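S.K.: Data file target_4.cif (mmCIF, C-alpha atoms) is appended below.
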data_data
loop_
_atom_site.group_PDB
_atom_site.id
_atom_site.type_symbol
_atom_site.label_atom_id
_atom_site.label_comp_id
_atom_site.auth_asym_id
_atom_site.auth_seq_id
_atom_site.Cartn_x
_atom_site.Cartn_y
_atom_site.Cartn_z
ATOM 1 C CA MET K 1 106.149 112.626 110.228
ATOM 2 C CA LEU K 2 105.988 108.918 109.377
ATOM 3 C CA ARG K 3 108.185 107.162 106.860
ATOM 4 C CA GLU K 4 105.300 104.771 106.206
ATOM 5 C CA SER K 5 101.843 104.441 107.731
ATOM 6 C CA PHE K 6 100.221 101.110 108.561
ATOM 7 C CA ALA K 7 97.203 102.814 110.040
ATOM 8 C CA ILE K 8 94.184 101.355 111.818
ATOM 9 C CA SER K 9 90.786 102.680 112.835
ATOM 10 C CA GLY K 10 90.630 104.962 115.859
ATOM 11 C CA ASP K 11 88.190 102.518 117.475
ATOM 12 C CA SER K 12 90.872 99.826 117.675
ATOM 13 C CA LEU K 13 91.418 98.845 121.321
ATOM 14 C CA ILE K 14 95.079 98.926 122.341
ATOM 15 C CA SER K 15 96.123 96.615 125.160
ATOM 16 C CA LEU K 16 98.116 98.652 127.673
ATOM 17 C CA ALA K 17 100.705 96.407 129.304
ATOM 18 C CA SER K 18 101.246 98.457 132.483
ATOM 19 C CA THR K 19 97.594 98.693 133.556
ATOM 20 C CA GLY K 20 95.996 95.694 131.848
ATOM 21 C CA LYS K 21 93.344 97.938 130.274
ATOM 22 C CA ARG K 22 92.277 98.429 126.657
ATOM 23 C CA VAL K 23 91.957 101.953 125.270
ATOM 24 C CA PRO K 24 90.870 103.086 121.770
ATOM 25 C CA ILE K 25 93.897 104.281 119.836
ATOM 26 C CA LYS K 26 92.133 107.592 119.072
ATOM 27 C CA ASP K 27 92.174 108.249 122.824
ATOM 28 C CA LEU K 28 95.955 107.700 122.997
ATOM 29 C CA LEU K 29 96.832 110.430 120.468
ATOM 30 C CA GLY K 30 97.941 112.848 123.196
ATOM 31 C CA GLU K 31 100.005 110.210 125.053
ATOM 32 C CA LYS K 32 103.536 108.825 124.761
ATOM 33 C CA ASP K 33 106.034 106.456 126.371
ATOM 34 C CA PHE K 34 103.406 103.931 127.470
ATOM 35 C CA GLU K 35 103.783 100.156 127.258
ATOM 36 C CA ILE K 36 101.948 97.873 124.823
ATOM 37 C CA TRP K 37 102.218 94.144 124.079
ATOM 38 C CA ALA K 38 104.307 93.114 121.072
ATOM 39 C CA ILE K 39 105.490 89.817 119.622
ATOM 40 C CA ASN K 40 109.216 89.138 119.605
ATOM 41 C CA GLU K 41 109.497 87.053 116.432
ATOM 42 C CA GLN K 42 112.857 85.603 117.467
ATOM 43 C CA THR K 43 111.434 83.975 120.627
ATOM 44 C CA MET K 44 107.744 83.877 119.634
ATOM 45 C CA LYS K 45 106.974 85.377 123.050
ATOM 46 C CA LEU K 46 104.930 88.470 123.824
ATOM 47 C CA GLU K 47 106.885 91.272 125.487
ATOM 48 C CA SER K 48 106.005 94.669 126.889
ATOM 49 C CA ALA K 49 107.324 97.398 124.604
ATOM 50 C CA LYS K 50 107.233 101.178 124.735
ATOM 51 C CA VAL K 51 105.315 103.384 122.293
ATOM 52 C CA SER K 52 107.319 106.443 121.269
ATOM 53 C CA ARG K 53 104.540 108.407 119.528
ATOM 54 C CA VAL K 54 100.907 108.150 118.390
ATOM 55 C CA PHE K 55 99.895 109.660 115.045
ATOM 56 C CA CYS K 56 96.642 110.605 113.382
ATOM 57 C CA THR K 57 96.929 109.910 109.679
ATOM 58 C CA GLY K 58 93.655 111.561 108.581
ATOM 59 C CA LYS K 59 90.573 110.115 106.910
ATOM 60 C CA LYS K 60 91.169 106.965 104.875
ATOM 61 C CA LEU K 61 89.253 103.990 103.554
ATOM 62 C CA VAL K 62 89.148 101.168 106.088
ATOM 63 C CA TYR K 63 88.382 97.479 105.739
ATOM 64 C CA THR K 64 87.101 95.066 108.353
ATOM 65 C CA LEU K 65 89.184 91.930 108.842
ATOM 66 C CA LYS K 66 87.726 88.991 110.783
ATOM 67 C CA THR K 67 89.315 85.724 111.953
ATOM 68 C CA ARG K 68 87.663 82.424 112.945
ATOM 69 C CA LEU K 69 87.759 82.968 116.693
ATOM 70 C CA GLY K 70 85.886 86.201 116.028
ATOM 71 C CA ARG K 71 88.777 88.639 116.301
ATOM 72 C CA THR K 72 88.052 91.706 114.216
ATOM 73 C CA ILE K 73 89.671 95.020 113.359
ATOM 74 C CA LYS K 74 89.119 97.892 110.933
ATOM 75 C CA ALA K 75 92.284 99.000 109.176
ATOM 76 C CA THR K 76 93.671 100.641 106.071
ATOM 77 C CA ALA K 77 94.787 98.642 103.054
ATOM 78 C CA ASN K 78 98.385 99.300 104.098
ATOM 79 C CA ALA K 79 98.080 97.968 107.646
ATOM 80 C CA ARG K 80 100.226 94.860 108.073
ATOM 81 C CA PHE K 81 99.458 91.575 109.778
ATOM 82 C CA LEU K 82 101.750 88.647 110.518
ATOM 83 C CA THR K 83 101.128 85.509 108.452
ATOM 84 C CA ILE K 84 102.949 82.173 108.524
ATOM 85 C CA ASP K 85 104.866 83.454 105.473
ATOM 86 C CA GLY K 86 105.708 86.835 107.039
ATOM 87 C CA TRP K 87 104.146 90.261 107.263
ATOM 88 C CA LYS K 88 101.555 91.160 104.621
ATOM 89 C CA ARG K 89 99.397 94.159 103.860
ATOM 90 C CA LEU K 90 95.685 93.906 104.542
ATOM 91 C CA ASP K 91 95.054 94.194 100.796
ATOM 92 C CA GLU K 92 97.406 91.224 100.193
ATOM 93 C CA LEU K 93 95.662 88.852 102.598
ATOM 94 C CA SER K 94 93.388 86.083 101.424
ATOM 95 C CA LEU K 95 91.223 83.467 103.069
ATOM 96 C CA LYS K 96 94.118 80.952 102.728
ATOM 97 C CA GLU K 97 96.242 82.993 105.178
ATOM 98 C CA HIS K 98 96.533 82.499 108.921
ATOM 99 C CA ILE K 99 97.347 85.544 111.018
ATOM 100 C CA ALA K 100 99.121 85.771 114.337
ATOM 101 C CA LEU K 101 97.050 86.390 117.441
ATOM 102 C CA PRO K 102 98.267 86.698 121.023
ATOM 103 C CA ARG K 103 97.102 83.669 122.983
ATOM 104 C CA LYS K 104 94.233 84.711 125.242
ATOM 105 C CA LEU K 105 92.580 83.378 128.404
ATOM 106 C CA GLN K 106 101.290 76.900 125.727
ATOM 107 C CA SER K 107 102.830 79.218 123.129
ATOM 108 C CA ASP K 108 102.190 82.962 122.962
ATOM 109 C CA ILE K 109 101.046 83.108 119.301
ATOM 110 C CA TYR K 110 97.992 81.334 117.975
ATOM 111 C CA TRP K 111 97.556 81.261 114.216
ATOM 112 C CA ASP K 112 93.980 81.833 113.102
ATOM 113 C CA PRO K 113 92.568 81.725 109.540
ATOM 114 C CA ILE K 114 90.952 84.786 108.016
ATOM 115 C CA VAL K 115 87.223 84.366 107.388
ATOM 116 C CA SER K 116 86.241 87.820 106.102
ATOM 117 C CA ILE K 117 87.817 90.914 104.558
ATOM 118 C CA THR K 118 85.375 93.677 103.570
ATOM 119 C CA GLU K 119 85.537 97.327 102.597
ATOM 120 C CA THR K 120 83.753 99.270 105.326
ATOM 121 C CA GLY K 121 83.969 103.029 104.854
ATOM 122 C CA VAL K 122 86.050 106.109 105.546
ATOM 123 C CA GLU K 123 87.314 106.809 109.070
ATOM 124 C CA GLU K 124 90.027 108.703 110.850
ATOM 125 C CA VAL K 125 92.988 106.358 111.173
ATOM 126 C CA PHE K 126 95.947 106.193 113.537
ATOM 127 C CA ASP K 127 99.436 104.749 113.911
ATOM 128 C CA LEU K 128 101.809 103.880 116.776
ATOM 129 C CA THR K 129 105.590 103.790 116.655
ATOM 130 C CA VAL K 130 107.163 101.006 118.702
ATOM 131 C CA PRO K 131 110.965 101.165 118.400
ATOM 132 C CA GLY K 132 112.571 97.742 118.358
ATOM 133 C CA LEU K 133 109.832 95.139 117.922
ATOM 134 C CA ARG K 134 107.699 97.439 115.709
ATOM 135 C CA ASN K 135 104.326 95.817 116.425
ATOM 136 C CA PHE K 136 101.535 95.879 119.000
ATOM 137 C CA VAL K 137 98.295 94.166 120.015
ATOM 138 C CA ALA K 138 95.110 95.914 118.856
ATOM 139 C CA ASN K 139 91.707 94.248 119.174
ATOM 140 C CA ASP K 140 93.599 91.144 120.347
ATOM 141 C CA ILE K 141 95.416 90.923 116.972
ATOM 142 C CA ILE K 142 99.111 91.506 116.209
ATOM 143 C CA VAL K 143 99.533 94.548 113.947
ATOM 144 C CA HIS K 144 102.656 96.177 112.612
ATOM 145 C CA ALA K 145 103.735 99.558 113.940
ATOM 146 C CA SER K 146 104.553 102.434 111.684
ATOM 147 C CA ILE K 147 108.089 103.690 111.098
ATOM 148 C CA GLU K 148 108.921 107.295 111.951
ATOM 149 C CA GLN K 149 111.122 109.288 109.617
ATOM 150 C CA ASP K 150 114.495 110.503 110.851
ATOM 151 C CA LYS K 151 114.157 113.954 112.418
ATOM 152 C CA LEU K 152 116.571 115.369 109.807
ATOM 153 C CA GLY K 153 114.306 114.480 106.873
ATOM 154 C CA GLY K 154 114.976 110.777 106.300
#
Show me the file's structure as structure tokens.
M.R.:
Amino acid sequence: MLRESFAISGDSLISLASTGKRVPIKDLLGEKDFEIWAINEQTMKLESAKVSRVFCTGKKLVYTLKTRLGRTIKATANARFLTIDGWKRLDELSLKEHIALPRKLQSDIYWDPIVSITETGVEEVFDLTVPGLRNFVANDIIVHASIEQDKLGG
């Protein structure tokens, strides 16, 4: 299973680096070893990175997060986003935070303030594991990847 879940709504659109297409994460549950876009925090550049496994974490409460440019995602309270002061849980974010977005359309990260965080409802939620960089782009937002438990029990 997962050591810890940072799950997001199944409707979240995952940018697939190989094909340049976006696919809802719920539709990736039976897929593995495909490439996503992830931030390398050491270089602040986006890199292609391989997903090892997709997980369905069950029904959970989700919250809609919105940034100024209009980026939006539905995620659990435990999903993590990258702020100027490091990774934070969705339920730790406030309107004073900026979150990291991949640049769209010089740097690779654009920092955008949060304008809304709202409880939305209960949905099936999903996680990706991304060994190494441990993050991926969903709905054009950087989100942290979950951590799989060691096969022996971890």
S.K.: For range 10-16 of chain K, find every residue with an atom within 9 Å (counting only C-alpha atoms), except residues of its own chain fewer than 2 positions away, and show them as an MDAnalysis selection string.
M.R.: chainID K and resid 8 18:28 34:37 48 56 73:75 123:126 136:140
S.K.: When you count only C-alpha atoms, which of these residues is closest to residue 89 in chain K: K:1, K:54, K:65, K:152?
M.R.: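 Checking each candidate against residue 89 in chain K, we get K:65 as the closest.
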S.K.: For each of K:71, K:151, K:144, K:50, take the minimum atom-to-atom distance to residue 83 in chain K, counting all atoms listed in the file, then give the residue where this is smallest.
M.R.: K:144
S.K.: Can you tell me, as JSON, the centre and edge lengths (Å, one decimal) of the axis-aligned box enclosing all of range 79-97 of chain K's listed atoms after padding each side by 3 Å?
M.R.:
{"center_x": 98.5, "center_y": 89.5, "center_z": 105.4, "size_x": 20.5, "size_y": 23.0, "size_z": 16.3}
S.K.: From the list K:66, K:61, K:95, K:32, which residue is nearest residue 78 in chain K when using only C-alpha atoms?
M.R.: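 Once distances to residue 78 in chain K are computed over only C-alpha atoms, the minimum belongs to K:61.
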S.K.: Would you compute the distance between CA of residue 52 in chain K and CA of residue 6 in chain K? Give it in Å to one decimal.
M.R.: 15.5 Å
S.K.: Ranking K:63, K:81, K:87, K:110 by minimum distance to residue 122 in chain K and counting all atoms listed in the file, which one comes first?
M.R.: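 Of K:63, K:81, K:87, K:110, the one nearest residue 122 in chain K is K:63, counting all atoms listed in the file.
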S.K.: Where does the PyMOL selection byres ((chain K and resi 120) around 6) land in this file, that is, which residues does it pick, as a list in words?
M.R.: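 Given this file, the PyMOL selection byres ((chain K and resi 120) around 6) evaluates to residues 62, 63, 119 and 121 of chain K.
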S.K.: What does the file look like for those residues with C-alpha atoms, as an mmCIF file, keeping the file's coordinate frame?
M.R.:
data_model
loop_
_atom_site.group_PDB
_atom_site.id
_atom_site.type_symbol
_atom_site.label_atom_id
_atom_site.label_comp_id
_atom_site.auth_asym_id
_atom_site.auth_seq_id
_atom_site.Cartn_x
_atom_site.Cartn_y
_atom_site.Cartn_z
ATOM 1 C CA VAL K 62 89.148 101.168 106.088
ATOM 2 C CA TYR K 63 88.382 97.479 105.739
ATOM 3 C CA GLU K 119 85.537 97.327 102.597
ATOM 4 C CA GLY K 121 83.969 103.029 104.854
#
S.K.: For the structure provided, state which residues fall under the PyMOL selection byres ((chain K and resi 40) around 10), and present them as a PyMOL selection string.
M.R.: chain K and resi 37-39+41-49+108+132-135
S.K.: Residues near residue 2 in chain K, anyone? I mean within 6 Å using all atoms listed in the file, not counting same-chain ones fewer than 4 positions away, as a ChimeraX atom specification.
M.R.: /K:147-149
S.K.: By how many Å are CA of residue 113 in chain K and CA of residue 4 in chain K apart?
M.R.: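 Distance between the two atoms: 26.5 Å.
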S.K.: Go ahead and compute the interatomic distance for CA of residue 143 in chain K and CA of residue 80 in chain K, in Å to one decimal.
M.R.: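 Computing it gives 5.9 Å between the two atoms.
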S.K.: Point out the residue among K:130, K:100, K:29, K:141 with the least atom-to-atom distance to residue 72 in chain K, counting all atoms listed in the file.
M.R.: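 Smallest distance to residue 72 in chain K is found for K:141.
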S.K.: So which one's closest to residue 84 in chain K, K:64, K:112, K:103, K:131? Using all atoms listed in the file, please.
M.R.: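 Closest to residue 84 in chain K of all the choices is K:112.
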S.K.: What residues come out when you apply the PyMOL selection byres ((chain K and resi 116) around 7) to this file, written as an mmCIF file with C-alpha atoms, in the coordinates of the input?
M.R.:
data_model
loop_
_atom_site.group_PDB
_atom_site.id
_atom_site.type_symbol
_atom_site.label_atom_id
_atom_site.label_comp_id
_atom_site.auth_asym_id
_atom_site.auth_seq_id
_atom_site.Cartn_x
_atom_site.Cartn_y
_atom_site.Cartn_z
ATOM 1 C CA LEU K 65 89.184 91.930 108.842
ATOM 2 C CA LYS K 66 87.726 88.991 110.783
ATOM 3 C CA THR K 67 89.315 85.724 111.953
ATOM 4 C CA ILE K 114 90.952 84.786 108.016
ATOM 5 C CA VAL K 115 87.223 84.366 107.388
ATOM 6 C CA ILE K 117 87.817 90.914 104.558
ATOM 7 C CA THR K 118 85.375 93.677 103.570
#
